[PDB]
Every structure is written in structure tokens, then in C-alpha cells.
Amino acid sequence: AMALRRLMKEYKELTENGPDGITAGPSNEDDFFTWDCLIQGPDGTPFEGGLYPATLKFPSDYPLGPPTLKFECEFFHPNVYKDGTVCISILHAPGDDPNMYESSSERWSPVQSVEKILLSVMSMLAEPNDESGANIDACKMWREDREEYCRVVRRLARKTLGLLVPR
């Protein structure tokens, strides 16, 4: 009961007053706990011009626990696992994965929100978090050969956008 009420409230807020660059919501309201997202790559980054599909999966006791977030396309970023799972501190309650994130980083709580999650993803795309390495190849390249990192990201962004069609 509480989770569906809260998810509807966030969906309404995102639809009516959400940030530019984000579309997110339940495409099928008979599965309200699965949201499709489209995330626009931030301007001024090698992700500029990319448009990235992602899935949010909410637990049945939301907002008491965080959703998971996965990109649904090939993705090359230090904080995104090769399977698409996004590694950011806001998706973990305090105490979970202490070796991965700065302790100054925001953690999951019931007053966090989908909008905050997705704004945090945008921020991570522009500025990777150097403590929470998830993709070792992208971590190395971003730190030691940023020009080549940008080249990889741009090439993948064009490739996956070419595979993105409305459905």
C-alpha cells in the first residue's frame, strides 16, 4: 500500500516538475515497481549526445530500501559494472559497502527520491567517483588516458543510440 502510493507521488512529481534530461516512470502500471528511464548524457562530457536506457527496480517496501539501477545498453564508465549495474552511494543504505564509497557521500534513506538518484547519475557521468571503481578497464582509462576514454564513450554512445528506437 505505502510503496505504491509513494511511487505514484514520485511519478507525478517527475512528470510534472522533473529535471531536463530525464524521462522515468512505469511503462506498465501493472508492474509499478519496474520503471523505464531514459538518461540524456550531460553536455560538456563525452556522454553528450548519448541517450541511455536504464531500468529502476523498486523493492516491495520502498522507500524503506533503495531501488537498483541498471543501464540497458553497452556502457563504459568507471562506476558502472559491465552488466550495467550502477554503483553509486545513494543506492546503498549506511553501512552497506563501506569500502566502495566516500563517507561524505549521500546514502539511501526514506527521504531520498528517484529524482535525486537520477541527478546523481548525471553527476557521476560528468565526474566519476574515484573510490567506487566498478569497471576496472574504464577506471584505468579515465585516470591514465582520458582522451582515449572520451573516444570510447563517444563511439559507444553513437552505437547504442543507433540501436535505440521508440517502443
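When you see a residue number, it is the position in the sequence shown, counting from 1.
Stretch comparison (112-120 versus 129-137) by mean CA B-factor in the PDB entry places 129-137 on top.
Set 95-103 against 51-59 and average the Cα temperature factors; 95-103 ends up higher. Ranking 26, 44, 41, 66 by Cα temperature factor from the entry places 44 first.
Among the modelled residues of the chain, residue 22 sits in the highest third by CA temperature factor in this PDB entry. Among all modelled residues in this chain, the alpha-carbon of residue 36 has a temperature factor (C-alpha) in the lowest third.
Ranked within its chain, residue 3 lands in the middle third, by CA B factor from the PDB record.
Among the modelled residues of its chain, residue 80 has a C-alpha B-factor that falls in the lowest third, as given in the PDB entry. The PDB entry assigns residue 158 a C-alpha temperature factor belonging to the highest third of its chain's modelled residues.
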